[PDB]
Protein chains: 4
Amino acid sequence: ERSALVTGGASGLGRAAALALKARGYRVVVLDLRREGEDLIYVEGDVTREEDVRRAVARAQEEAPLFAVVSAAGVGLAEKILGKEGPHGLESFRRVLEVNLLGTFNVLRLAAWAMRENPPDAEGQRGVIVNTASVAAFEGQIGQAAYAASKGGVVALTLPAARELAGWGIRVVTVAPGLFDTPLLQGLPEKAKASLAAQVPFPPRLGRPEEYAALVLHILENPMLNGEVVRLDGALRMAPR
Amino acid sequence: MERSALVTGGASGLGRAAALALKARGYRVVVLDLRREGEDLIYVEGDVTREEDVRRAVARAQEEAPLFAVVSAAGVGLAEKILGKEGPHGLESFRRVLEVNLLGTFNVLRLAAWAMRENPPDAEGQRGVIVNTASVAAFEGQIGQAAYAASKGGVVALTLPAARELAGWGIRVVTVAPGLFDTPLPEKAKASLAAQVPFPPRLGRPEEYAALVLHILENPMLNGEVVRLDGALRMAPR
Amino acid sequence: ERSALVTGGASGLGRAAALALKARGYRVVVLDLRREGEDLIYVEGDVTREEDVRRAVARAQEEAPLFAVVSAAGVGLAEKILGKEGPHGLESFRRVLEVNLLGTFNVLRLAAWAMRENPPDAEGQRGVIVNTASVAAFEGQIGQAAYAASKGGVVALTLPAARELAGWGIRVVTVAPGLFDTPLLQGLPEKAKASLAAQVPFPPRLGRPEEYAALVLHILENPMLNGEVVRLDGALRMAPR
Amino acid sequence: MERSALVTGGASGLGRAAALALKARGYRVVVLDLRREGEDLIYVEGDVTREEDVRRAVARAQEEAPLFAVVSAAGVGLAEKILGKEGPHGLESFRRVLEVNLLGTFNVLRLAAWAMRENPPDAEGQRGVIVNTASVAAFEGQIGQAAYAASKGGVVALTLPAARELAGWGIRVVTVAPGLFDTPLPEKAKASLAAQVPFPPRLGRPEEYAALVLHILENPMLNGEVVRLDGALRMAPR
Ligand SMILES: Nc1ncnc2c1ncn2[C@@H]1O[C@H](CO)[C@@H](O)[C@H]1O
Ligand SMILES: Nc1ncnc2c1ncn2[C@@H]1O[C@H](CO)[C@@H](O)[C@H]1O
Ligand SMILES: Nc1ncnc2c1ncn2[C@@H]1O[C@H](CO)[C@@H](O)[C@H]1O
Ligand SMILES: Nc1ncnc2c1ncn2[C@@H]1O[C@H](CO)[C@@H](O)[C@H]1O
């Protein structure tokens, strides 16, 4: 009946959301730099490129009216402000902002424009856009300045976006994951991965991709969740190290 | 295996919706409220601020099955300015709101947690889940809502230290902060508030609060957090 | 020219604020359970008792128009939700709420009512009420449920109070101290005191009472600071333990 | 001993006020802005997004005395809806706001911090203090302020991880989030915003922002925090 667009759907959180949406009955289109082998429609592209996002949005609309949009594409970075040879590189900082923040904004503006004339459902909804930030937007650790800044931008985008899109019947919600198998964790060594996981109160483990997917699906089913950032982190509050 | 649930404030509004949803989910539900009602639920009449009443309700739940879900939805409201026409905001009215909304929630949390501390962990390592109810007033209190806001801000702040400690026992603590809902709780003010909700542009339905509560119970990763359920509302001064 | 009322002025933060205000030229009245030997006016009483607060407010007004009110009276508690014999006591929880939250509200409502007819200054201000919360209102540690709850109430009171009192030209601001020599620290053993202090990024030490006083005086001198909670914590974010 | 200061955006508004206040405080002040001005300050014309320009300004400051205070007040605004009449919010306009407000602030922070990393600590153990400027829009962005809000939210989030790392070098990082100020930056919208400020019921004066910046510099305990300077304003959707 409806289509969904999931960026970053080739793996991790995006993959879980895409599979859950497919099982729920959505005609799912994945936008990712890579393609995989699940029973999903894969559009290979970059969220920072408007042409690629536009192609993915149109592909979804060809399947059915676009209702659910999940931005889960992102990159991580572990780099200190003061390095051993000099200060944090400017290009690495720019890249993280480009993918995590600009990419999310790019998907939001393009999907929203394309969904603006959707016939509303019984709740008056034309669609729902779910973005993915990180707890790093709130308790960034040493070495996470770029990542934290990019995610803080996503967090701040939530309200002004929801406020405007409310007139069009489009909700905007942000999920802020704690420690899961994502680029954040992937860019760290074992020693670091262990100590970080040890900081999570309960469940005392890495989050399961399916748990992120479950929250995303609940957001889609609950009209009252809007303009909010939901922490999915097992009560984690990251220490400096 | 069947488990029991305790819902305070279950005679009406949000608590009632949560209790009914949990019952439909298969829980053996016990309601603690100043009054009983006529739904197919087990009712214990009492006060959340009274140790004796909460213990009675907890025991009644365990009588059915091991206690797992606890939802604190009992509360009172108050609209009173700090500076009135004849004098300052009364001290007793402030104390009462704090007692019911904050101390009552803590009373239920401490007694329920103690009762579940020895439950055999479920497949997710959980011995139980406690869901408290704050309000967006804890973040954007309007003129005249100082007492209510303060009580709910206390509930918000309690979430993390409680979750941090109870984590060792496999007991989660999460808080839902509702916006404007259609609950039994001046037309002029209600209209001004309603007009401030971006989307959906209406009062929230108790069932939507219940839906969020049930998902918290089913999602192990939601813990030590406050979830705003408000249609993007940010209350202005008036 | 103006009087000031500082609760908890017998020691620590309140004492520093009282001394700083006196040096600034204010006719300072201290409300505290104890009296001391500084060149201040001491009114012995309990912030939870309206008669005592009313006596202190009137004493200040007898000296000069009451402009600055600083609520720094408070108590601490280290008690787990699940103890060795049973759950956290209800009375200990109630006591912390009574002193830290109700006491602060009591001072605010009584001082504000008494200052409501004050001739406004050049900025239109009749007075400024500064409350004291704690970072525990945001990152409460294990054993700090009661304390955190009481301080969270103070934090939440700030905005609705400032919004209403704005019409009367009275500002309401809250300072949220990190680790200082206060009841919070005083109720802990050496081992604990050391590990807590070690969590503070910079300055890597306990805050100095004079640093809290300096912020309070700046708040009094800056009309634009209102309805906000200012963290004074050396970038501390308390871990579970 | 005399120290130098670097203030970006010092040709006007908030930055100008901070620069003038620091000069009066005894600092050897260098301003980095797209244009120079006529105050008794040292001006370096450049772009905060350009490594070469920031390095030139930092070097110019060190020429006067060891760099201690850095204030990032350079920025641009934008009012643009996500959904316009002919199409969606432009991508380049969004990128530009992010580049100047967020990347520019980071560029200044990383280069200034590197330059101060070997300064002999002062009596408080400080090698320097970096004060960034966000906006309350980072918390309550209005309709049409998505780009601006996002850029400022990034500045807010940068504060803690930067302060945490730089703590080891004795360099503090604090952020000021101004509300509505009388800066060179539609009458209909400005009026609606002004009417939302509780107290003082007026536009903030640049000098009040400067006063807060100077107190941050003088108070060692203010670190890794965002201080709202907004007269209790909480921006509504419109
Ligand atoms: N620029 C990008 N465009 C689309 N997908 C991306 C981009 N950067 C990372 N991803 C994807 O994000 C998912 C991780 O969030 C990965 O599957 C990865 O391939
Ligand atoms: N002190 C209290 N103890 C138990 N239930 C209460 C209390 N105060 C209010 N309630 C209930 O809260 C529900 C509203 O939250 C109402 O059904 C009401 O009867
Ligand atoms: N109930 C109370 N009333 C007045 N001052 C108090 C109270 N409880 C603690 N204090 C004071 O608070 C200061 C510490 O905040 C101490 O000087 C102490 O004596
Ligand atoms: N990219 C930039 N680099 C330096 N100064 C800038 C930049 N963009 C805006 N400004 C300045 O910011 C001040 C406003 O914050 C203005 O004086 C303006 O000239």
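One-based numbering, in listed order, for ligands and for the atoms of each. Hydrogens, waters and symmetry mates play no part in the numbers below; they use all other heavy atoms, side chains included. Order of the sequence lines sets the chain letters (A, B, ...), proteins ahead of strands, with each chain counted from 1.
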| said: Show me which atoms of ligand 4 lie under 4.0 Å from any heavy atom of D/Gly46. | reply: 3 (N), 4 (C)
| request: For D/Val76, counting its heavy atoms only, list the atoms of ligand 4 lying under 4.0 Å from any of them. | output: 8 (N), 9 (C)
Between the side chains of [Y] and [X], is the shortest nitrogen-to-carboxylate-oxygen separation below 4.0 Å, so that they form an ion pair?
{"X": "C/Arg35", "Y": "C/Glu44", "value": "no"}
{"X": "A/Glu38", "Y": "A/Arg15", "value": "yes"}
{"X": "D/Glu52", "Y": "D/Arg50", "value": "yes"}
{"X": "C/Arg95", "Y": "C/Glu98", "value": "no"}

Should [X] be counted as touching ligand 4, given the test is an N or O pair under 3.5 Å?
{"X": "D/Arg35", "value": "no"}
{"X": "D/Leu32", "value": "no"}
{"X": "D/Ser12", "value": "yes"}

| request: Assess D/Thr8 for proximity to ligand 4: is some non-hydrogen atom of it under 4.0 Å away? | output: no
| query | Which ligand 1 atoms does A/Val99 reach within 4.0 Å, using its non-hydrogen atoms? | reply | 1 (N), 8 (N)
| Rounded to the nearest 0.5 Å, what separation is found between the CD1 atom of C/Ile129 and the OG1 atom of C/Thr104? | 11.0 Å
| message | Nearest 0.5 angstrom please: C/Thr7 OG1 to C/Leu31 CG, how far? | response | 6.5 Å
If you measure from [atom] to every heavy atom of [options], which option wins on shortest distance?
{"atom": "atom 7 (C) of ligand 3", "options": "C/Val53, C/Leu33, C/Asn100", "value": "C/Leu33"}
{"atom": "atom 14 (C) of ligand 4", "options": "D/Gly75, D/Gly104, D/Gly13", "value": "D/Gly75"}
{"atom": "atom 15 (O) of ligand 4", "options": "D/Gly9, D/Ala57, D/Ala73", "value": "D/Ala73"}

| field | Donor-acceptor pair, side chain of A/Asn106 and main chain of D/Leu91, under 3.5 angstrom | value | no
| Are the side chain of D/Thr133 and the backbone of D/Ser72 linked by a donor-acceptor contact shorter than 3.5 Å? | yes
| remark: In this structure, atom 1 (N) of ligand 4 is nearest to the protein heavy atom D/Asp47 OD1, 2.9 Å
| Closest protein heavy atom to atom 18 (C) of ligand 4, given as residue, atom name and distance to 0.1 Å | D/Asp33 OD1, 3.5 Å
| request: Taking the side chain as every heavy atom from C-beta outward, state whether D/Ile42 and D/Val31 have any pair of such atoms under 4.5 Å apart. | output: no
| note | C/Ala10 heavy atoms within 4.0 Å reach ligand 3 at atoms 17 (O)
| For C/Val47, is at least one N or O under 3.5 Å away from an N or O on ligand 3? | yes
